[PDB]
Amino acid sequence: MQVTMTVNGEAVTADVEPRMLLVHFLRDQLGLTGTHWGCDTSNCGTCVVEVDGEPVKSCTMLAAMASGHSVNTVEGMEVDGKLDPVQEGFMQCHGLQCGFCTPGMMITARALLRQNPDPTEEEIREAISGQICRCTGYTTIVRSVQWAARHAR
Amino acid sequence: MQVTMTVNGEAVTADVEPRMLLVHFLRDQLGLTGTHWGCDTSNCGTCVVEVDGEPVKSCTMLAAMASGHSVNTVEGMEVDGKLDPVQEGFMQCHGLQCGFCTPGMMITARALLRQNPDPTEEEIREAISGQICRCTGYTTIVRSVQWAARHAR
Amino acid sequence: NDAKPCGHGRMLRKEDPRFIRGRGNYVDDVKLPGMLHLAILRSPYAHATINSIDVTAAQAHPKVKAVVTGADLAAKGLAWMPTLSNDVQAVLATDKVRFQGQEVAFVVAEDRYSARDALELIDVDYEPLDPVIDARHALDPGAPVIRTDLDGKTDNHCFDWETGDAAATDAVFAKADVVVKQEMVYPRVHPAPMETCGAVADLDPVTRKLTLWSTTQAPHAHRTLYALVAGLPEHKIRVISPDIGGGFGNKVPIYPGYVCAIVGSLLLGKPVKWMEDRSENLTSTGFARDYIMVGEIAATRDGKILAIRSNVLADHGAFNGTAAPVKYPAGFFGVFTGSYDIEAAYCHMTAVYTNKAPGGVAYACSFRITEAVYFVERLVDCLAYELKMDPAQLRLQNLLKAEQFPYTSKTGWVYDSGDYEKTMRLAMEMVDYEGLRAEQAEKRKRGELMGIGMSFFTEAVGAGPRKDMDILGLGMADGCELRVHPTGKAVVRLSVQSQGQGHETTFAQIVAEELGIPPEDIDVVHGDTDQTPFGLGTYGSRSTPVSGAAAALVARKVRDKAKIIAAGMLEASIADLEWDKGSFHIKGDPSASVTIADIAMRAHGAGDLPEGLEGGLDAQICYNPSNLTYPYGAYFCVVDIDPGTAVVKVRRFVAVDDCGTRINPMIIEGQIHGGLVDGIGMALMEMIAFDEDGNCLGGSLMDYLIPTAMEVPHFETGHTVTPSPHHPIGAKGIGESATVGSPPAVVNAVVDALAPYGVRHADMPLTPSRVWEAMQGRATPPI
Amino acid sequence: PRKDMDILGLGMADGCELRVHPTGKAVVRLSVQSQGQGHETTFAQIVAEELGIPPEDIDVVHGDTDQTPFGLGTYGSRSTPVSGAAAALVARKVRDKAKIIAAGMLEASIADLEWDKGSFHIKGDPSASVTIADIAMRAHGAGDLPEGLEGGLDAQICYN
Amino acid sequence: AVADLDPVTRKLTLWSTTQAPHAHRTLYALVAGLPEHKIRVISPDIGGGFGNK
Amino acid sequence: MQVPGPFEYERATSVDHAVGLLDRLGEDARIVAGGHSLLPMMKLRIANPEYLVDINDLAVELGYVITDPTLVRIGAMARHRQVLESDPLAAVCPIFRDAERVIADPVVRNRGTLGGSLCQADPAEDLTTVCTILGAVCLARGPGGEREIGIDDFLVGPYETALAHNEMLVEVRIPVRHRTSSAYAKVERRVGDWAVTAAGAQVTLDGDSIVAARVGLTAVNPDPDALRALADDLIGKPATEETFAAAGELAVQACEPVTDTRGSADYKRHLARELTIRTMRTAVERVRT
Ligand SMILES: Cc1cc2nc3c(=O)[nH]c(=O)nc-3n(C[C@H](O)[C@H](O)[C@H](O)COP(=O)(O)OP(=O)(O)OC[C@H]3O[C@@H](n4cnc5c(N)ncnc54)[C@H](O)[C@@H]3O)c2cc1C
Ligand SMILES: Nc1ccn([C@@H]2O[C@H](COP(=O)(O)OP(=O)(O)OC[C@H]3Oc4nc5nc(N)nc(O)c5nc4C(S)=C3S)[C@@H](O)[C@H]2O)c(=O)n1
Ligand SMILES: Nc1ccn([C@@H]2O[C@H](COP(=O)(O)OP(=O)(O)OC[C@H]3Oc4nc5nc(N)nc(O)c5nc4C(S)=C3S)[C@@H](O)[C@H]2O)c(=O)n1
Ligand code: FES
Ligand code: FES
Ligand code: FES
Ligand code: FES
């Protein structure tokens, strides 16, 4: 089937099987390997992407369903050579180690900071509570998000 | 423009500009990088491919012209994991050093051996006289072709 | 050739399986995601001020991603780049174009075709200037000053060089019975590898790591030079020299196109591929030769060569791009005294700038040794002509004797070893010199023109001791790493870069010889600077003298360490261990033996190793040559000249080469044969000619004629083995030997054939027209 | 210790290679494989500490067995005890060689050289100093090196 | 693991989520009989190992 | 590599389709046969046709080499290889085999065509000389219809023929006469190189005298008037060495060679003479065998 959607601000059209999960369409078809997958049960959150401005598990969305929608990934987060404050905060605060969950984590953190300019640690933890990080212990992720929030201010 | 041709026995169809030289369509479009190019004036012969069974300078043929024709390259020479006798002779007789001319040279040598099972050294020289080898001195190429001829016999 | 020796000897090349299948990976094969294509707008003028460059139309091309001019580079400080000779050279022409085909601008576009179209779109306003094309008049008063870029430059003088003793040579000439003076030209020719130069520059925009796939013979040199020139951090530069489709010295320099690909990638954050077309290659990359040499040879009436004097006018192009060691601006031309015992020698060389592409050291010249050898062998044939003595007899009486070695030449070169008479006599027997002379005399009776030409040459290859030889400050010592894997397979990482010379086989053989690991079990790694030790690369036939020596020595280091480990394993004293090609065994008990594979596993294995020993079976070396190697050759060419058309046909070529210990005779044969074809090409047809307006007349393979299989005979080769004493395995370089020695052999053969016309000298190229003009008594140099 | 600890017969000693490029940038090749533990930073820091080359000037290479020395990889928190020790020691080997080269360059006895975080200077005159980058260039450069010394500023170690 | 055994060169390039790429290369040589000098284990960025790899 | 500028491509399904394409497309349309003259020019951007009418599909209809007792007909789409390999042609017009053997290289010969060489009308190239020597009649066809152009008329200037923009060369018709043969000799710096100088000769022998003769010169800028004067002077002469020498002298006078990379003008004149003599002798020996 033909699907058309805006991926990181660029219109894209592709022939996909209806069953193609969005994460696979992004990674494989569009080569946007910043988006990851780590589970079969929509649990890990490593595939979180922005669909119409909202963090979505791309593993739990068909590319066909994303058709007509704007899909934003970690690749689109650095704009005009400038890191989004979430990315810079993650680097500055050691909010990543292996970096696998980072794309999703930063997509979620950017969405949160958009809707909440000054989140609390509890709000940050809740906002990322659907995304597993095995490496960081989440405290540095909270610090990264606070850093991005405070620099955006 | 659309062009359809058989490349190494596989039907291929592609959208090419009319001006696309066959060598570029093979190397760049079809990723058949075995075929080389080394000149602008149809002189070096490193682009020689087999169009309809005859050595042709693919640099002096438009892909659009090859449409409807069978194009064979060095990639197609090894059949069912079995080296063509030209390839084996080139390895056995040191008929190549840098290998750049070798695709064209072996295409020409295979065509010659097809039309002439037992070529003399002069016939080999003449048959490859349109193809420049900077490395070998051509004596090992003649030996390679003799080796392929004698093993094919 | 299908033998499988564990070490030196004939064996199938390990590169062939992939090449014969079209699976080589040459630079133009490199397809990277998002790769853009770079095309360079070249100057149409040999010498013209650039008034202005309009790139608006090219920029407006919908497929063009960037248009860059010399002004844009100068803003980035990359409009100029050092040459290998410590000169500077325009990356893109900024003030003026100093040669036709010189880089003026470049366009990065979506594909190669669109890039070339865009080049057509660029408008450059030139103010043409008088070109300096005739190197003879470059220094004339009022000649246009090419190098106005240089502060205070008022002439086209590049440099003055001299070697030997002027006064000693003058005194010998004053006392000489016979003094023969001959001007001879070594016309500008080109390495012309079948693969043109190219570079895929992928400067990863995030990691900032430059991965530069390049047709470079010296990827490490190039990496270091890029770090120095572009300011890029060297640890973030990975020069990948993939399979190279022939270098022949053409791919030693850093060309402006490589820099332009790097800049394109920097600017666009995308991989940028620049693959030069043949015309760009012929007209802008390194030429070779282009010497005008007045030789004078002083001898006794009996043929004892006493002195040799050389006065060289070297045409170096717009910039001195000669790829030569810093202390040797004229390269190794000092070996112009050749293989002969002479009393004195003096050479003075004037290098001048002309409105032509830079270069000069390329095309298997062994650093101008092609020029020196042609000079001396042509001059010796002139001397024989004058003495009316058989050139073979002349040479044989003047040749250095074996007991004279190590021989310090009159120009300061210390020849390592050689038995010249043995090799020369071998060549004469193989070619049947006297039988050829009888046949030639009979033919002259019949009016047919048969020429027998010969050359005896001493090469000087393997640059070289760092104390003397450095490229832009980089000592010419080669690193080599050897690593025996736990399972006993090995990897040798080289700093040399094959362009077809079979390194992946021969270095496997060197290591196999030292270590007893079969060559098939030795992966030879080269060309990728991220996984190879630093070294100066492959040119000047230095791979075997320098990197080969290093490989042998590192294999021996691994063998010594393996001996320590094996003595531990055999529970024996290190003194009681005998090495047996791959294995250590206790003396008197071969059964108490352990293979290098067992030792490799043990070196990585459990249990303490011998005290003070680190685990693993790795070793490395940086081999600094004590001296060059001096392979030598006795080449005999037989030519027929059609007396009506003056068409020269090379009927025979016997090349007898002595490169010391032979690693791989089949590869050695290939190297010679290729060199013989080069010599025939230079002697007979090859030339990059320029018209009075400065237009390069050899900008294509239509105009630069490279020998086909039909121009060259079935080559015959012999050999003698006179090992280099200072080399760990006694091997000398061979790669350039044939190219060095064959041109004078072919020219001597043509001149000898022209003997009935009273021709003592005719200059290459010996085209039908030029040979016929020589027949008419009107022999003139092409320049 | 390989005498005690081996994985399927592979002694658990780690190789590490250090190579200072002519321009003074370095590459350390590790036998450890990060899965997020920051080796590309920390091993740069270990070498930087020993050699005075800034970590940003040290490329840490790992995970690709075609360009890294043999070692047992990363598990058992061994990367720093084993590969870290190896990296420190190989950096020190490079520093000792560099001291030889620097003593040559300063035309001084090796004893009169003092190491100063990235540079050797004659004791007394800090001004008679040469950096590791200068020494790296010299190690690849023209002119004879000190007698018995091979060029290059590379070292390797198998730390047990 | 992306196993790319180049059919021609016979070189195995094994992109793997391995914490011990050299140990793995040696073990592959021993287990599959592949020549170890023709095995390149590439452990790329690993998304967390924790011993699992 | 140097690559062509953009153009539009058309594949002619017949001679009439090709002629119609040239008529509709106009002056800026060019036929592409083997492309071994056009394509290099376009790659160098010397030639920039808006349209190429590929007539390679006419290689069967127009790729014939037909030898009748009084007429050799060679299709425009005849590959140089076909002309070189035609043993009957070699029996009747050996000049063709002579030139073909020394034209370009075997790979180029596989593609380049007699029609392509002729319409290229390159004075430095050999087939125009061969077809001039043999008194060929080109058969052109355009929207107006089919017509016959004498080879001298067809070759109106350097790179220019009598063919209109909407006309295509279909076949070249070469009269065959008894006791007639021909030869071609070329001097090139290298195999595949264009002639340093080439000469061709077709002679008719009545007993031992010359009944008809034509000498063509390649790459030397022959004067057709002087060449015709030489040919007329050869009439009725014995087929001896003195006649060949006189013809060589006339050929020396019949050309205006230019000193260039291929050789000195004096060498070109010497070659005009020597190759004229060689070709005349070869043609005579071929008549007498
Ligand atoms: C490396 C090389 C070496 C060569 N050496 C020689 C040599 O030594 N001697 C020599 O004589 N030639 C030589 N050639 C030229 C070769 O003979 C010609 O290029 C070739 O014959 C042209 O034929 P073609 O069919 O390829 O022509 P094309 O390139 O297809 O056509 C050439 C011109 O003729 C026109 N044309 C073609 N067919 C027709 C037709 N049927 N009717 C009307 N117009 C037509 C085209 O439109 C174009 O203007 C060489 C070429 C190369 C590439
Ligand atoms: N005693 C010896 C010497 C050499 N060899 C083998 O011969 C080959 C050539 O060795 P060497 O003489 O060291 O020359 P390089 O390898 O340094 O090659 C450079 C040399 O190589 C020449 N020949 C070439 N051949 C090919 N195919 N391509 C080039 O670019 C070439 N460039 C030219 C030029 S120019 C030069 S400098 C190596 O495999 C070597 O092991 C050997 O078996 N025994
Ligand atoms: N004194 C020290 C010790 C260590 N470090 C730094 O801490 C890191 C961890 O070092 P080390 O303790 O040597 O452990 P390894 O690097 O060998 O990591 C292995 C260890 O790492 C652990 N942490 C992990 N963290 C991440 N992100 N991913 C895994 O897979 C991890 N796997 C687990 C498991 S399981 C184990 S075995 C390294 O950057 C090191 O330089 C330091 O700065 N100072
Ligand atoms: S892949 Fe685990 S939540 Fe989507
Ligand atoms: S950084 Fe490794 S899973 Fe979060
Ligand atoms: S690329 Fe040179 S003949 Fe085709
Ligand atoms: S093998 Fe190098 S050009 Fe032929």
Side-chain angles (χ1 to χ4, degrees), chain B residues 21 23 35-48 56-61 90 95-102 104-105 130-136 138 140-141, chain C residues 19 193-195 244-246 248 278 499-500 670 674 701-702, chain F residues 1 15 18 22 29-42 47 49 52-56 58 62 75-80 99-100 102-105 107-109 111-122 124-130 138 140-141 159 161 163 167-171 186 188 191-195 198 218-219:
Chain B
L21 307 169
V23 57
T35 307
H36 300 147
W37 62 266
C39 83
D40 311 311
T41 59
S42 310
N43 268 125
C44 71
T46 65
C47 66
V48 165
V56 165
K57 303 197 159 166
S58 65
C59 80
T60 318
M61 194 156 177
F90 269 67
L96 66 150
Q97 288 173 28
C98 79
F100 205 69
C101 77
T102 315
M105 209 69 66
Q131 285 146 249
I132 296 178
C133 182
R134 287 280 293 96
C135 305
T136 60
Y138 298 110
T140 59
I141 291 180
Chain C
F19 289 143
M194 289 303 69
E195 182 202 43
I244 302 300
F248 315 102
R278 180 50 66 177
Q499 318 114 60
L701 291 195
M702 311 199 347
Chain F
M1 184 181 297
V15 170
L22 291 172
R30 281 180 76 170
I31 282 131
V32 54
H36 279 52
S37 277
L38 188 41
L39 288 185
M41 282 180 277
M42 317 175 33
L52 286 190
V53 176
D54 182 3
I55 61 162
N56 280 291
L58 314 190
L62 302 183
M77 277 309 295
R79 301 305 173 180
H80 285 325
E100 289 297 356
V102 294
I103 288 168
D105 48 65
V107 183
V108 174
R109 292 198 299 268
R111 299 292 294 158
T113 68
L114 171 66
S117 61
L118 288 190
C119 303
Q120 185 58 10
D122 184 345
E125 278 168 3
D126 308 305
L127 285 196
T128 49
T129 299
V130 167
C138 303
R141 178 162 343 158
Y159 308 112
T161 66
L163 276 167
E167 278 184 341
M168 88 161 282
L169 182 61
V170 158
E171 72 185 78
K186 171 169 152 162
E188 65 239 53
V191 156
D193 180 38
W194 275 260
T218 305

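So you know, we letter chains A, B, ... as the sequences are listed, proteins then strands, and number each from 1. The figures here come from the full heavy-atom set of this structure, side chains too, leaving out hydrogens, waters and symmetry mates. In listed order, ligands and their atoms are each counted from 1.
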Looking at non-hydrogen atoms alone, which of [options] comes nearest to [atom]?
atom                    : options                     : answer
atom 7 (C) of ligand 1  : F:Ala104, F:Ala198, F:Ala99 : F:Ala104
atom 17 (O) of ligand 1 : F:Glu171, F:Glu125, F:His80 : F:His80
atom 25 (O) of ligand 1 : F:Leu39, B:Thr41, F:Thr113  : F:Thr113

Are any of the N or O atoms of [X] closer than 3.5 Å to those of ligand 1?
X        : result
F:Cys119 : no
F:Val108 : no
F:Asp126 : yes
F:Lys186 : yes
F:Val32  : no
F:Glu167 : no
F:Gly34  : yes
F:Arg30  : yes
F:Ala33  : yes
B:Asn43  : no

For ligand 1, which atoms, with element, lie under 4.0 Å from some heavy atom of [X]?
X        : value
F:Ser117 : 21 (O), 22 (C), 23 (O)
F:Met168 : 41 (N), 42 (N), 43 (C)
F:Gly112 : 20 (C), 21 (O), 23 (O), 24 (P), 25 (O), 26 (O)
F:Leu163 : 43 (C)
F:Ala76  : 41 (N)

| said: So, 4.0 Å and heavy atoms of F:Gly192: is ligand 1 close enough to count as a contact? | reply: yes
| said: Tell me whether ligand 1 is touched by F:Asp193 - counting only heavy atoms on the residue side and a distance under 4.0 Å. | reply: yes
| query | Using heavy atoms and a threshold below 4.0 Å, how should the contact between C:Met702 and ligand 1 be classified: side chain, backbone, both, or neither? | reply | neither
| ligand 1-proximal atoms of F:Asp122, by part, heavy-atom distance under 4.0 Å | neither
| Any residue meeting side-chain contact (heavy atoms from CB on, under 4.5 Å) with F:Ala104, in chain and number order, not counting sequence neighbours | F:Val108
| task | Mind checking the CG-CH2 spacing from F:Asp122 to F:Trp194? Nearest 0.5 Å is all I need. | result | 8.0 Å
| message | For a quick test of reading the model, state the closest non-hydrogen atom pair linking C:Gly500 to B:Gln97 and the distance between them. | response | O-CB, 3.0 Å
| field | Environment of atom 4 (Fe) of ligand 6 in terms of protein N/O/S atoms, cut-off under 2.8 Å | value | B:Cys47 SG, B:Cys59 SG
| task | Check step by step if side-chain contact (heavy atoms from CB on, under 4.5 Å) holds for F:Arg30 and F:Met41. | result | CA-CA 12 Å; F:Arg30 281 180 76 170; F:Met41 282 180 277; 4.0 Å; yes
| field | Main-chain N/O of B:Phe100 paired to C:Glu195 side chain as donor or acceptor, under 3.5 Å | value | no
| task | Please test B:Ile141 against B:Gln131 for side-chain contact (heavy atoms from CB on, under 4.5 Å), starting from the C-alpha separation and ending with a verdict. | result | CA-CA 11 Å; B:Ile141 291 180; B:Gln131 285 146 249; over 6 Å; no
| task | Test side-chain contact (heavy atoms from CB on, under 4.5 Å) on F:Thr218 and F:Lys186 and set out the steps. | result | CA-CA 8 Å; F:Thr218 305; F:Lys186 171 169 152 162; over 6 Å; no
| field | All salt bridge (charged side-chain N to carboxylate O under 4.0 Å, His left out) counterparts of F:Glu167, not counting sequence neighbours | value | F:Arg147
| query | Hey, which protein N/O/S atoms does atom 2 (Fe) of ligand 7 have under 2.8 Å? | reply | B:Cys98 SG, B:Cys135 SG
| field | Identified side chain to side chain donor-acceptor pair (under 3.5 Å) partner of F:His80 from the options F:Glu100, F:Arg111, F:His36 | value | F:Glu100
